[PDB]
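Step one of this worksheet: look at the structure below.
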Amino acid sequence: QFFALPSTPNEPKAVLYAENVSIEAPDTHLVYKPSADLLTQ
Amino acid sequence: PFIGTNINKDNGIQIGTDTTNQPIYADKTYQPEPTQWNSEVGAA
Amino acid sequence: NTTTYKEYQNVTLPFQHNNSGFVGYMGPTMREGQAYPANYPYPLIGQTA
Amino acid sequence: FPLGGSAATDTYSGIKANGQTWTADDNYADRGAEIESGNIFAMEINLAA
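Chains as they are written, first to last, in full-length UniProt numbering: chain A, 245 to 278, 287 to 293; chain B, 148 to 181, 186 to 195; chain C, 780 to 828; chain D, 391 to 439.
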């Protein structure tokens, strides 16, 4: 997925691979969760 | 602190209730929060 | 001494405070508060005791 | 390190044919804090000396 630039210069000035995955975490118990919606966990 | 909504003469921070609330000064804030590392105080 | 201190008033845990914006609120939460002089520890030393 | 990646948010917004002709419909209307180009800004301290 390629992206852009406010400086429209409608040109791919910046792209990064997007790569799904499967997150474990054996070690973490979120201590303030307020999924793909949140952040700041 | 308490980045809260509505401010009011004789009043000001509007914590909030059945209708509307307001705190008071023997304990306003002191050590409470934003805690979303991000709450950018916007309008209002 | 609870019964000799004229101006003592006990304070519950949530209402205690030593660091504003310097330690989370009631847990390992991050950097909570703004700033302020301490409240709780009730100094036991110094010219004021 | 800082407390949330960092702020540089090249607010970018879209892509397509001709020249990445752009306007990714699943847009991101100027949504685009991209991994703000580069390393994650931070400082050091010889936390051992």
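The beta carbon of each residue, even a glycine, is placed where N, CA and C say it ideally should be.
Chain D contact residues for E255(A), given Cβ-Cβ distances below 7 Å:
Correct list: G409 and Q410.
Going along chain A in order, which residues have a C-beta closer than 7 Å to the C-beta of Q178(B)?
Within chain A, no residue comes near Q178(B); the closest Cβ sits about 16 Å away, beyond 7 Å.
Which residues in chain D have a C-beta closer than 8 Å to the C-beta of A258(A)? List them in chain order.
Under the 8 Å cutoff, chain D gives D400, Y402, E424 and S427.
Whole-Å CB distance - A248(A) paired with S403(D), under 8 Å assumed:
With 8 Å as the limit, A248(A) and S403(D) qualify as a contact, their Cβ atoms being about 5 Å apart.
Comparing C-alpha positions only, which one of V790(C), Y787(C) and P816(C) sits nearest to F801(C)?
The shortest Cα separation from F801(C) among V790(C), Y787(C) and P816(C) belongs to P816(C).
Using the beta-carbon of each residue, which ones in chain A are nearer than 9 Å to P807(C)?
Near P807(C) (Cβ distances below 9 Å), the residues of chain A are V275 and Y276.
Going by DSSP in three states, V259(A) sits in which element: helix, strand or coil?
DSSP places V259(A) in strand when its eight states are reduced to three.
Verify whether the separation of the beta carbon atoms of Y276(A) and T176(B) is less than 8 Å.
No, they are not a contact pair.
Short CB-CB distance (under 8 Å) between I430(D) and chain A
Closer than 8 Å: no.
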